[PDB]
Amino acid sequence: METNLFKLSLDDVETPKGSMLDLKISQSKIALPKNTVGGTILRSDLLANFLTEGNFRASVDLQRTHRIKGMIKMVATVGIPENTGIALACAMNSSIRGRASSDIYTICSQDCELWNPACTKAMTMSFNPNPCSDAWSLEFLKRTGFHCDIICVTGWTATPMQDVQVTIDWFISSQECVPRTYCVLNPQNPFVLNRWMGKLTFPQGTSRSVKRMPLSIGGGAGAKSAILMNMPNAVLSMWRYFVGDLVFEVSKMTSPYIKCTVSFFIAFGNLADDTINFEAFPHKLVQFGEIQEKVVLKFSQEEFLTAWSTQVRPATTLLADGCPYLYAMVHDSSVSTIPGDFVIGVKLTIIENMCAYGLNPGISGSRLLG
Amino acid sequence: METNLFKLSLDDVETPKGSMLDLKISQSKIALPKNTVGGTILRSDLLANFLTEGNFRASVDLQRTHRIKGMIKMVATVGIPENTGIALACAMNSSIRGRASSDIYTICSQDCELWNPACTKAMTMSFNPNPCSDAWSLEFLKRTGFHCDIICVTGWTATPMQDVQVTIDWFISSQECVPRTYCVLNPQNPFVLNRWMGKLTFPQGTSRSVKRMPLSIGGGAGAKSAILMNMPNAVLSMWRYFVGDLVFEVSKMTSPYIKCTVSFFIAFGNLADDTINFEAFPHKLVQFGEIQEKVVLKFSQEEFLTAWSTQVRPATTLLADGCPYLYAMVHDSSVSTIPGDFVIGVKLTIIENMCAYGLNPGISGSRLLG
Amino acid sequence: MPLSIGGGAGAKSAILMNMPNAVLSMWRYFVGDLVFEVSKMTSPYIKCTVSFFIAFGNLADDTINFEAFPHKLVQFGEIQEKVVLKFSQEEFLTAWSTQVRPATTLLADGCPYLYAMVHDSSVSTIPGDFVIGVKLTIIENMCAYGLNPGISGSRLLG
Amino acid sequence: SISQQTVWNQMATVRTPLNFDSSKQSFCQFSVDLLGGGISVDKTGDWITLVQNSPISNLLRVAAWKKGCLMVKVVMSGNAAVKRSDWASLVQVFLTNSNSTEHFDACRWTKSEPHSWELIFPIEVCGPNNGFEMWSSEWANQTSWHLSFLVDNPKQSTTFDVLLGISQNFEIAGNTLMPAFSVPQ
Amino acid sequence: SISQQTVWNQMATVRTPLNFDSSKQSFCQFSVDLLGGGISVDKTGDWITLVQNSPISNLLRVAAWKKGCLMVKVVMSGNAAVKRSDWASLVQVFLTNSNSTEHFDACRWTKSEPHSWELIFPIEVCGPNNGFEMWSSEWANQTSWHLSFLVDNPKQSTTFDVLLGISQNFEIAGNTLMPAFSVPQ
RNA sequence: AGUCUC
RNA sequence: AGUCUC
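Structure determination for this PDB entry was carried out by X-ray crystallography, with a resolution of 2.80 Å recorded in the header.

As annotated in the PDB entry, chain C carries the name BEAN POD MOTTLE VIRUS LARGE (L) SUBUNIT and is attributed to Bean-pod mottle virus.

The name given to chain A in the PDB entry is BEAN POD MOTTLE VIRUS LARGE (L) SUBUNIT, with the source organism recorded as Bean-pod mottle virus.

Printed below as a string of structure tokens:
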């Protein structure tokens, strides 16, 4: 008749498991005012605080399990009509110190997603909060300072009738965590850089609007008498010269109603904007479909004869810069029936088959991004 | 890039599943004062209210799942030394109306467990809250009035130093629910009766203390100008005559320190207490080990020549009663070094190979139990 | 009971020390399957169900769902006096400090603790507290990182 | 495997307070937090400290989890005007994983060479995560590596430069959000 | 195999007596018992000695049987007020397995650098048990390792810090019951 | 790479 | 029967 308490399975150390409904841990509702402008921080908080809103099916498991092996998965949701647009970014970083920067450049190197609700009305992202290993836990998230920033990279192209709200559902994923570490003097292939190259704006009209993005990407991003910096960009700055197959991810951060054909190519800083045969160089023409917002450009390393400086003195002129540039210009014209510039964001995602030479003593400061 | 919300597994209708830790839904702490007396109600409430204390791993599943197929399992816990004792009962009933009775007789017919913490320090019980089917739910429990009574059947044999507390852990079991219905004019075999026969007390000394329990168990249990009644006893009362293999469950509701050898046998009401050869009838001698508290007696139907009345006129005398009785008397003596009577509780559990004749018009009232 | 067991046991303006504990104090961080041996040091007549689990220092005593963490319930038979608890290293996400500054508060302690509490009640018919002794016997599949410069002093044991 | 000979990175430059008043006390103290990137000083006068935004200096401040070896070089450039025969100064160097006074020292040195001297030694980062350590995290009560100096007669032993060299096995993971690093001049 | 670069443990700090009277005698002496954990001093004045309760210091005092190598580092931090040209002090260091005057020296050094100097050397424990040795046990007339100093002009060569580093092969066995170690401040 | 989509 | 125990 007596139950043997010891035989009871009360000390089950297993990780959470089940359907998405069963693994839902929290839900956050981020406010998006109709007058939001871009650069605006929608919400910047400890990740532990986002994962702790609401008592869903796996909420007490999240709080009472010492090791979780599944990744954290979030499903963001919000739709807006095609005659408007806005670019939101949801970024994850291991820690934070002081009044850290919230610039898209500083925040997007670890695990970050940038989307345009006019094109993507439901967005999913999964990540490992502990890059050194294959498991995490809520205590670890709290005492470690794991951070989450949801910012608006580009404001509304046309303001909505009323205020908007983005809803984020948080889940423990079925996919296991996998580490991502950087051996400084021994980069892997591909080298995950995730460096923001700038926000390019092409105003409506027949103008060429030549854009020049330097590939001497070491030393961080320039700021007013300061430099912004993220970890992967910091490691690339340790090397003196580099080369590789560069992969860029181009995003349409403006309404589907503003059309424009952009032309990308590699060339040197000293060419005049009106160089007639820019398009005699190997180039690629980009046009976005109504609902398409992301395009991936890949520049083979045969567009580069030699490795170039990782860092160049910030005051160096377009005429004296001996390192290649990624050019972007309007092929035809930027046209629309509603007001607004055509705006795209460029992010250097990974460098494949990279090759680096020497160690860098360092140069003080760095040029401002777009 | 766009996630398809429809493909997400957010509408999983499956029943809760997992380890005991994962299926824990609540925890109740019942207070047991050192001066408790027996007949005392420790806690009488809606089951839904017991299952809703505390936010454990399956607590929000309990509240957000429309059909649960596992039984409800509870693990009660509390230990007391051998030189004391108390008998607790935890009873479950489908519903309640008004200021219902809390007598051990009225409450123990559905799913009820009676234990003595001096013998059993951890007790488990599993049950189906919905006897008509194989699933239940929290809403069903609330709107249906499913009830739970935790009473003290016998007070402390020796009072503890301080107040006590019984802790009950509630879980959703892995065992599936199974129905238990009664077809009134077509009993199953065995017939589950669960009728309390009385609480027998044998005071210390060399006295025989003959106890007579009538087997004409129809019509409920007597009360002051009233009758107590439970469903299974109510169905047996529909029949006029009956017979069967009777199975009794005898519990030691007093401290392990009060020893006594009880003798059980079947005989008629008219025998004098001092009948020398009571033990010339087929009988069984019961003695409990220190830590033993339950014994099961089974009286074959060959101890009965004929079926007997299901109900007898309450005022009928021992001399005029023509139906058999279950006798219980002291074989040797009730002895101890601490004060207190030796007390046992008898419960007619099931009737096997029963055989009933005719329908009963009914007799008004009924005799008082022990 | 803090698991940052390096540095000996505290005493009045002093530390007590034994050899094996002294060697574990040489390392900076550690983890492992911990094995505890629990002894009933009081009369068989004082009954009590104790509940053991791993959690952090900052939880309030009245946290209702302490038992939503993986735990183990201990009850002793009359004549039983020893029980062995084994905490798998999957109750630990990471290695923790071998030694923590003695004045560190429950709120600021980032290392795990071995909790023990009454599941039901401590009852008896004779006077006396229910008393148990806990001894960390062996550490299996241990894993240690770095060398420890040392921290002065240490917290008092129970 | 990227590598190049003799290329360290500048990390900090601490200049002793010009208005140090010998009469109040004879020594002064400052401490450099090697992994967190900060410099701490006395209230003994107006210190002139500086953390260079070199590649290694920027990397350490922004790398959330660290692991592996780093090489440290300290160069003391003193007061050339003091005649060698009048040199009466010495500096005590300490390596501790914390600024708390309750942590013992991992290592200790005392340098007193006239006019100038240098000190080179390696340090290694070992943490609880997976051998990885997060700067002073409360998590497993993690720590850092601090290089503290007690300068006796700050008017002779006046300047200190700290350079760092990264090793082939240094490995990091994760990013720490930091405010903009201020560029001088 | 646990290991980390540049992490020693503090073992002792001996400060020369402030009231040393040059006129009585010119030098003073103290001795550190490396394996037993004690410090011995002169009656030459009021010495300020201290044995830190660091991990290695606690281990050695409590490990009954020892075997293997240990690394020793001595750092002398002197009187910075003396001009380098007036330095007139030297200290003789001796390694003996016993304090008895009848035991010859295992090694000997003499350091006289102005203001400060350091000395690093390994010692190894070899015993009769199974290569294991018990501190000064009468058993096979076992012994220890003592580091003795003869400080000439205690007012210049004033302070001594002794640090110890444990090696990969250091191995111990058994426990020695010791009274509580006193925590300072 | 990862994430995502399919 | 069930529940429980094993």
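Read on, since the account is not over.
Undergrad: What's the story with the overall build of chain C in this structure? I'm lost.
TA: Scanning chain C from terminus to terminus reveals 1 helix and 9 strands. Against the 2.2 N^0.38 benchmark of 15 Å for 158 residues, chain C shows a C-alpha radius of gyration of 17 Å, consistent with a compact globule. C-alpha atoms of chain C, sized along the principal axes, occupy 50 × 35 × 30 Å. Within chain C, contacts between residues at least 6 apart in sequence are counted, and of these 83% link residues at least 24 apart. Total accessible area computed for chain C in this model is approximately 6100 Å², and 59% of it derives from carbon and sulfur atoms. Looking at charge distribution, chain C has the averaged site of its 10 positive side-chain charges lying 9 Å from that of its 13 negative ones.

Undergrad: Explanation requested: the interface of chain B and chain C in the structure shown.
TA: Interfaces are often described in size by the accessible area the parts lose on coming together. Contacts between the two partners involve 27 residues from chain B, matched on the other side by 23 residues from chain C. Together chain B and chain C conceal approximately 2000 Å² of surface at their shared face, both sides included; 54% is due to carbon and sulfur atoms. Applying the counting criterion to the chain B and chain C interface returns 1 salt bridge. Between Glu67(C) and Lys24(B) there is a salt bridge, with the nearest N and O atoms lying 4.0 Å from each other. Taken together, the links from chain B to chain C amount to 10 residue pairs in polar contact. Where the side of chain B that touches chain C is concerned, the elements lending two or more residues are β1 (24–32) and β8 (164–176) of chain B.

Undergrad: Please clarify how helix α1 (residues 55–62) of chain E should be interpreted in this entry.
TA: Taken across its 8 residues, α1(E) has 8 buried, putting it largely inside the fold. Within the sequence span of α1(E), burial applies to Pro55(E), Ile56(E), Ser57(E), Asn58(E), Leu59(E), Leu60(E), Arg61(E) and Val62(E).

Undergrad: Would you take a moment to explain the protein's contact with RNA strand F for this structure?
TA: What surrounds RNA strand F is a group of 13 residues, the closest being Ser126(A), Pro190(A), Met1(B), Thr3(B) and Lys7(B). In RNA strand F, atoms within 4 Å of the protein come from the sugar-phosphate backbone in 77% of cases. Take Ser126(A): an N or O atom from its side chain is 2.8 Å from a phosphate oxygen of RNA strand F. Residue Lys7(B) places a side-chain N or O atom 2.6 Å away from a phosphate oxygen belonging to RNA strand F. Going through the elements one at a time, β7 (122–127) and β21 (342–359) of chain A are the ones with two or more residues in the surface near RNA strand F.

Undergrad: What is the right way to look at the sheet that holds strand β18 (residues 324–330) of chain B in this model?
TA: Two modes of strand pairing occur in sheets, parallel and antiparallel, and in both the strands are linked by backbone hydrogen bonds. Residues and elements named next belong to chain B. Pairing is antiparallel across the open sheet formed by 4 strands, whose spatial order is β10-β18-β14-β15. Pairing within the sheet leaves two strands with one partner each, and these edge strands are β10 (211–214) and β15 (283–286). Ignoring strand direction, the axes of neighbouring strands in this sheet form an average angle of 25°. Inspection of the sheet shows strand β14 (residues 262–268) paired to β15 by 4 bridges, in the antiparallel sense. If you follow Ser263 over to β15, its bridge partner there is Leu285.

Undergrad: So what exactly am I meant to see when it comes to the pattern of salt bridges here?
TA: This model, assessed by the stated rule, comprises 41 salt bridges over all chains. In this structure, the salt-bridge partner of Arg57(A) is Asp22(A), at a minimum N-O distance of 3.1 Å. With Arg57(A) in the loop between α1 (47–50) and α2 (59–64) and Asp22(A) in the segment before β1 (24–32), this residue pair connects regions lying 35 residues apart in the sequence. Note that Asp109(C) and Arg155(C) form a salt bridge whose closest N and O atoms lie 2.6 Å from each other. With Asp109(C) in the loop between β7 (96–97) and β8 (112–118) and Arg155(C) in the segment after β9 (132–147), this pair connects stretches of sequence that are 46 residues apart. Take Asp109(C): its relative accessible area is 0%, and that puts it in the buried class. Linked by salt bridges that have partners in common, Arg43(A), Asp45(A) and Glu53(A) make up one network.

Undergrad: Would you take a moment to explain the environment of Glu138(D) for this structure?
TA: One can find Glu138(D) in the loop between β9 (133–134) and β10 (146–152). Classification of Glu138(D) as partly exposed rests on a relative accessible area of 33%. In this structure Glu138(D) touches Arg143(A), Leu107(C), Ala108(C) and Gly110(C), once residues within four positions along its chain are discounted. A distance of 3.0 Å separates polar atoms of two side chains, one belonging to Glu138(D) and the other to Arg143(A).

Undergrad: I tried to follow the interface of chain D and chain A on my own but got confused; where do I start?
TA: Listed per partner, the contact involves 44 residues of chain D and 52 residues of chain A. Between chain D and chain A the total buried area reaches about 4000 Å² when both faces are included, carbon and sulfur atoms providing 64% of it. Summed over the shared surface of chain D and chain A, the result is 1 salt bridge. The salt bridge partner of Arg143(A) is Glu138(D), with a shortest N-O separation of 3.0 Å. For the pair chain D and chain A, the interface holds 21 residue pairs in polar contact.

Undergrad: Where do I start with the pairing of strand β8 (residues 147–154) of chain A in this structure?
TA: Sheet faces and side chains relate simply in a regular strand, where the side chains alternate between the two faces. Residues and elements named next belong to chain A. Summarising burial for β8: 8 of the 8 residues are buried, a large majority. As paired strands, strand β2 (residues 41–46) and β8 are joined by 5 bridges and run antiparallel to one another. Of the residues in β8, the one forming a bridge with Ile41 is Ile151. Judged from the 7 bridges that link them, strand β4 (residues 87–93) and β8 form a sheet pairing that is antiparallel.

Undergrad: Please clarify how the sheet that holds strand β2 (residues 41–46) of chain B should be interpreted in this entry.
TA: Residue and element names in this part refer to chain B. In spatial order, the strands read β2-β7-β4-β5; together these 4 strands make up an open sheet with antiparallel pairing. Each of the sheet's edge strands pairs with one partner strand only, and the pair in question is β2 and β5 (111–115). Sheet twist, expressed as the average angle between the axes of neighbouring strands with direction ignored, equals 15°.

Rules used throughout
- Residues numbered from 1 in each chain as written, not as in the entry; some residues may be left out.
- Chains lettered and ligands numbered in written order.
- Part of a larger assembly, values for the part shown.
- Heavy atoms only, no water.
- Helix = DSSP H or I, 4+ residues; strand = E, 2+ residues; numbered from the N terminus.
- Rg over C-alpha atoms; globule rule 2.2 N^0.38 Å.
- Contact = heavy atoms within 4.5 Å.
- Areas by Shrake-Rupley, 256 points an atom, 1.4 Å probe, with all protein chains shown as cover.
- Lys, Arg positive; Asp, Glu negative; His and termini not counted.
- Charge placed at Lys NZ, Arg CZ, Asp CG, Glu CD.
- Buried area = accessible area lost by both parts, 1.4 Å probe.
- Salt bridge = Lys/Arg side-chain N within 4 Å of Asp/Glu carboxyl O.
- Polar contact = N/O pair within 3.5 Å; in protein donor to acceptor, adjacent residues only side chain to side chain.
- Buried < 20%, exposed > 50% of the residue type's maximum accessible area, 1.4 Å probe, protein only.
- Near = heavy atom within 4 Å.
- Pairing = 2+ DSSP bridges.
- Axes fitted to C-alpha atoms, helices over the stretch in contact; angles between N-to-C directions.

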